[PDB]
Amino acid sequence: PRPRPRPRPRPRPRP
Amino acid sequence: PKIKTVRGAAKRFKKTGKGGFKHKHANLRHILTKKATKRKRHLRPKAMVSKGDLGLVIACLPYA
Amino acid sequence: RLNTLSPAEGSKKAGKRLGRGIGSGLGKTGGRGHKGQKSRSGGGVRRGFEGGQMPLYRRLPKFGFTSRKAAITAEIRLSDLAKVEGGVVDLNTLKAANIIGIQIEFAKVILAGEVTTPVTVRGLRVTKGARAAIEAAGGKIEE
Amino acid sequence: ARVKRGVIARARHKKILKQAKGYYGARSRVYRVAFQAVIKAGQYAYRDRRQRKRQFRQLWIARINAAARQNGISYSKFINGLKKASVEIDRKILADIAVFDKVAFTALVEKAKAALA
Amino acid sequence: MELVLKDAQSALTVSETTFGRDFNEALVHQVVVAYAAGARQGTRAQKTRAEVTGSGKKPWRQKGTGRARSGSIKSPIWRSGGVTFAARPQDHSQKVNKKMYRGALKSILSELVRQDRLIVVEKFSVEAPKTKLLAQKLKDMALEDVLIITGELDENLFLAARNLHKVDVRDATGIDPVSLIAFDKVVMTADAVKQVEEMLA
RNA sequence: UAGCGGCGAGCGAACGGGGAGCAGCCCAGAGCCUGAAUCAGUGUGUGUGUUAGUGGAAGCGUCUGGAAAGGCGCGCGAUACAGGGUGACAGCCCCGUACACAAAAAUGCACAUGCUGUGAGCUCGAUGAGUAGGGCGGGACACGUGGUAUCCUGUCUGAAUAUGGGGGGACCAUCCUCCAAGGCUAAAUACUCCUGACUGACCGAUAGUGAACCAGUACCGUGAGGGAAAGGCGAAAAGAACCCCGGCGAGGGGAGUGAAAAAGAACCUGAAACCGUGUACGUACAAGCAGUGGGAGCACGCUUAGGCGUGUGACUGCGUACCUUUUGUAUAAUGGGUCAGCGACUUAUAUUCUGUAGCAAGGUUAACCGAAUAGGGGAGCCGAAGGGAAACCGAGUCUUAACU
């Protein structure tokens, strides 16, 4: 029983 | 294991006859020259612990 | 006969069982309310804590000192003065009836009433009040 | 003393599913859904026990107002005429009187018309 | 206060408070429960999450996975290991005051003479340790389930009552509340009464 | 508790008392006397235990039941109804148990004793030097250097020596007590890899050791390491001869064994989720937490010949799930696919209050002894007197020179 690659993350912003 | 006593409270509170506690007044250590003598005189004798703080000193010291 | 012995009324209370349904009245955090430090398992402030405010055992100044002479000093009531032995009382043999203790070095005779027998006091320190009371029974007081 | 909660839990779920008999889908097989259905049905039973006294009363009023207008009098004047005639026959009996025996309702209408006029 | 025998009717008198006080049911019940509690062995132990044979390794990651948050396979909400508040070998015996224990025994004995279950006799001794002749003895006085209590415990009577289920032989100093209640009848020899009187006082 | 402590958190004695168990000795040295107590090492004798074991009591008839130990009736043993098995629950069916016995050989232990080593008893001495102590820096004493006693140590120093020195909590004087700088020592004390017996208000296979089933096994990881799942036919296999269909299959139906095969090896009991077949009703013009109140019709079950009950239910008013979090949730805020099992305010020790029981100005024991949840044991704890920081005073005490 394996997990998942996890949803590809978006480029995080800043102030 | 028996309850340990808060040694700080033990040196500031003494059990009275009916179960109350006496304590020394504050504002009586260093800066005394700027206070009135009347204010200083009233702080010399010991005073009773108020009913609001009476529950705190019981938990701090159950044995004394 | 062994299956009829019942306890007295009010001797047992069956306890409070927490988290045992709506009807029990002690479910859903069981009598400690909603969120907070007191609601957590193992949560709770220390003794004397007032939330960062200087506590009463730290706001007030310390005073006095402990004298070791008072620890070896006791007081004698007149109720347990005729119980000990015969008609004479001194510093020792009062610990033989267990009214002072072995480590006691000083003793005083206070006026507590109910003194009947003519006891003779030697070595103790009667105040004023039992002194007239012991002499009212006929006993003399010396050192 | 380990207590196995096998017999007690099964009997508790069977009691709920017994009351949920007749429900559609998972509301009569699944304990999780049936228990919600039984509670909701119990809430409706408590609620509709009051509405039954409301729906039937407004049903009898419609029955009386239908037959009274066949005799030539409104419902408002018929009850007022009956009240002035010292008649305490309720709307339950009055609805059943007008349905079965039309002759007796005409005498009641004429009794209320004489008191009103 | 007279204790009449079964055959010779020799009138023995004892102290009033020992066999004639009121039956304090609450006092008796506490001692009976305490006597049963002191006989509890209390040998039991389960395993906490720190005593289950296993690893302290986190099963899966804290985040990322779709599974629930887990930190150890030894958690009580898991299979193969659990029991949060595991039992320990403890002592169930509870303290009984001397005056409370003696006061309860006197109230038990006082109820026994009110229910005529106490039978005082001058002597009780068998010639041989054979259980057949002991079973012959109490059947002639119409007793089947009794507590044989004597002042002096003799091995000749100890052996004869060892196999019979409904009788028990004890020493006068070794009396207990539960056997004075569980057994239907209780029989006194002459000198046991004078020995149980002073031990209760 | 006294104390220690950013005097915060917390740490935490000693004196003394009550108990178990109590055993004192040798060298730093010569002489007299030498084997005298003393232990140690090996043999013998006796007692006793272990490693194999033996004897070991007492009942039938009849009823039901597949089978009886179960019901009934009448007997017996019992220093033996502790326990297990035996076709359902056995004291007399068996293994056993109580009790009474048994060791060719190998040893444990206790003495007596043979031999060897070992060293007695007395007198006179000797009586522990780079040591105590001190300086610097630490460590342990409840004592965190603080007024800090005491001991140990890295380094540097460094006495006296029994007409002398240490300690008695900074330190000085007086008294008390002891003697360092050399060593041995049983008992009360801790634990259980393992063995024997016994017990459990411990579990009954998701529990109990991870493992009741050839489990640290299968399996994963290079490796350290991690780590499962999996019990039950029947009393006895008597576990299905033989026949038929079917692929000399699998599977099934007959027959037979069996109390039972809705006990057939996937085997006691077979719950729910889920999947079906048959029966009764409704449903293809009627919109939504799917229920509830009313309610026609249909199908049955009944006594009555009046009517109830069961199942479905057209139509119709009302009616936007549960939990949590919230000022506020149908909310398009969170959680849950369902079912079965497991899953969370317990335990130990103290202190406070209430109810309740005993005793009562007294109450109560702990450790421990103990034919022992009996009885001793009052060591000790609380209360009966408090005030003051304390000396001290005392039903009064403190403040102050004293208080109206």
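Residues numbered from 1 in each chain as written, not as in the entry; some residues may be left out. Chains lettered and ligands numbered in written order. Part of a larger assembly, values for the part shown. Heavy atoms only, no water.

Its PDB record attributes the structure to cryo-EM, giving the resolution as 2.9 Å.

Undergrad: Could you clarify how one ought to interpret the sheet that holds strand β4 (residues 120–122) of chain C in this entry?
TA: Strands belonging to one sheet form pairs held by backbone hydrogen bonds; the direction of such a pair is parallel or antiparallel. Residues and elements named next belong to chain C. One open sheet accounts for 3 strands, arranged β2-β4-β6; its pairing is parallel. Among the strands making up the open sheet, the edge pair consists of β2 (88–89) and β6 (141–142). Note: β2 against β4, 2 bridges, orientation parallel. When the bridges of β4 are listed, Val89 appears paired with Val121. (Pairing = 2+ DSSP bridges. Helix = DSSP H or I, 4+ residues; strand = E, 2+ residues; numbered from the N terminus.)

Undergrad: Just checking my understanding: could you explain the protein's contact with RNA strand F for this structure?
TA: Taken together, the neighbourhood of RNA strand F is formed by 122 residues, with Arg7(B), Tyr44(D), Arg47(D), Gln41(E) and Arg162(E) sitting nearest. Sugar plus phosphate: this is where 74% of the atoms of RNA strand F within 4 Å of the protein reside. The contact in question runs from a sugar or linking oxygen of RNA strand F to an N or O atom on the side chain of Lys35(C), over 3.2 Å. The separation between a sugar or linking oxygen of RNA strand F and a polar main-chain atom of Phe65(C) is 3.3 Å. Of all elements in the fold, only α1 (56–59) of chain C, α1 (7–19) and α2 (31–71) of chain D together with α2 (25–38), α3 (98–114) and α4 (131–140) of chain E reach the threshold of two or more residues within the surface near RNA strand F. (Near = heavy atom within 4 Å. Polar contact = N/O pair within 3.5 Å; in protein donor to acceptor, adjacent residues only side chain to side chain.)

Undergrad: Got a minute to help me understand the UniProt feature "binding site: Mg(2+) 1" (unreviewed entry) in chain C in this structure?
TA: Residue and element names in this part refer to chain C. Mapped onto this structure's residue numbering, the UniProt feature "binding site: Mg(2+) 1" (unreviewed entry) falls at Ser24. Looking at where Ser24 falls in the secondary structure, it is placed in the segment before α1. Of the polar contacts made by the side chain of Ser24, one reaches the backbone oxygen of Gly21; its length is 2.9 Å. (UniProt positions renumbered as here; feature names shortened; annotations may be inferred.)

Undergrad: Teacher, can you tell me more about the packing of α2(D) against helix α4 (residues 91–100) of chain D here?
TA: Helix packing for two helices is described by the angle between their axes and how far apart those axes are. Residues and elements named next belong to chain D. It is at 8 Å that the axes of α2 and α4 come closest, and there the two elements cross at 45 degrees. Taken together, the axes of α2 and α4 lie oblique to each other. For the element pair α2 and α4, the recorded crossing hand is left-handed. Where α2 approaches α4, its residues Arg57, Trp60, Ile61, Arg63, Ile64 and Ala67 are matched on the opposing element by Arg91, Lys92, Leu94, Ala95, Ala98 and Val99. (Axes fitted to C-alpha atoms, helices over the stretch in contact; angles between N-to-C directions. Parallel < 35°, antiparallel > 145°, perpendicular 65-115°, else oblique. Left-handed = near helix turned anticlockwise from the far one by under 90°. Contact = heavy atoms within 4.5 Å.)

Undergrad: What exactly am I supposed to notice about the packing of aromatic side chains here?
TA: How two aromatic rings sit relative to each other is given by the distance of their centres and the angle of their planes. Evaluation of the coordinates by the stated rule reveals 4 aromatic pairs over all chains. With centroids separated by 6.0 Å and ring planes inclined at 25 degrees, the aromatic side chains of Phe56(D) and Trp60(D) adopt a geometry described as stacked. Placement of both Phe56(D) and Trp60(D) in helix α2 is noted, with a separation of 4 residues, approximately one turn of the helix. Assessed through its relative accessible area of 23%, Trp60(D) is described here as partly exposed. Residue placement shows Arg27(D) over the ring face of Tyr23(D); its charged tip is 5.3 Å from the ring centre. For the cation-ring pair, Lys137(E) lies above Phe124(E), with the distance from its terminal atom to the ring centre recorded as 4.0 Å. (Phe/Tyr/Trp six-rings, centres within 6.5 Å; stacked < 30°, edge-to-face > 60°. Buried < 20%, exposed > 50% of the residue type's maximum accessible area, 1.4 Å probe, protein only. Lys NZ or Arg CZ within 6 Å of the ring centre and 35° of its normal.)

Undergrad: Explain the pairing of strand β3 (residues 106–109) of chain C to me, please; I cannot follow it from the model alone.
TA: Two faces make up the sheet, and in a regular strand the side chains alternate between them. All names here are of chain C. Side chains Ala107 and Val109 project from β3 onto a buried face, and the interleaved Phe106 and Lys108 project onto a face without burial. Taken together, the 4 bridges between strand β1 (residues 73–76) and β3 define a ladder with parallel strand orientation. In the strand pairing of β3, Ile76 is matched with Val109. Pairing between β3 and strand β5 (residues 125–126): 2 bridges, direction parallel. By the bridge assignment for β5, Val109 is matched with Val126.

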